[PDB]
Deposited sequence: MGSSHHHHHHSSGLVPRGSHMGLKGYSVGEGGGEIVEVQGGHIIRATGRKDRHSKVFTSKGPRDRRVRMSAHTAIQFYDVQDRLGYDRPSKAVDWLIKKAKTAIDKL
């Protein structure tokens, strides 16, 4: 579960995942972004990625199942 050096004109790193290499961007539905950004602003974080870090740790106990 690790990071993959970039191949072109982009130099962003992909990640190797359970299903293989994958880009680090995700699109959210309008339905879902509304609540995600509510979570991020409640925390005050400027970078989205730190909010999902926060969510993943809080969901730790429910992960591991």
query	finding
Non-modelled portions of the deposited polymer sequence, in sequence order	1-40, 48, 107
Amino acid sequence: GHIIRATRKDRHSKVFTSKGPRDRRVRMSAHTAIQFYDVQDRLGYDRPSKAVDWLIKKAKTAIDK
From here on, numbers count along this sequence of modelled residues.
| item | value |
| --- | --- |
| Average Cα temperature factor in the PDB entry - higher stretch of 44-52, 21-29 | 44-52 |
| Residue 59 by Cα B-factor - lowest, middle or highest third of the modelled chain | middle |
